[PDB]
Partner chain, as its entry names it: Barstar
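One chain comes next, on its own, written out as structure tokens in the form deposited without the partner chain.
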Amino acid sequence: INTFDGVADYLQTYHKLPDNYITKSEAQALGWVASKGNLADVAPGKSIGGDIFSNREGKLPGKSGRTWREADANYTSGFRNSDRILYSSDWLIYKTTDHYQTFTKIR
């Protein structure tokens, strides 16, 4: 499951990412080197996802006790793309296709 709909649906129902996601730190621990675009070599069929997304810019709606996390969408191999699923602790799901410049609601 690595599509915007697939993941979105999975999260509001299961409240966790599908098993194909690993954090940056887990990835790094397995030999991932971002500068090399080698994720699919060291962690075949996994995608980066699950890390806290700051929202420093306040672009996503804040709320006390609301934490945002991100996950890559549509990744298969090579360098990460520009697609990200943004999801809150309360299961609001937003999407960005431009490296977090802009966001639109998907759930």
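Numbering follows the first chain given and starts at 1.
Mean CA B-factor, 51-59 versus 67-75: the higher value falls on 51-59.
For the pair 40-48 and 78-86, the mean Cα B-factor is higher in 40-48. Ranked by Cα temperature factor within the chain, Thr13 sits in the highest third according to the deposited record. Per the deposited record, the Cα B-factor of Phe4 falls in the lowest third when ranked against the other modelled residues of its chain.
Just so it is clear, the following notes concern the form deposited with the partner chain bound, a form of the same protein that is not shown.
In the deposited bound form, the partner chain sits within 4.5 Å of a heavy atom belonging to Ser54.
Using a 4.5 angstroms threshold between heavy atoms, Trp32 counts as touching the partner chain in the deposited bound form. Using a 4.5 angstroms threshold between heavy atoms, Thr67 stays clear of the partner chain in the deposited bound form.
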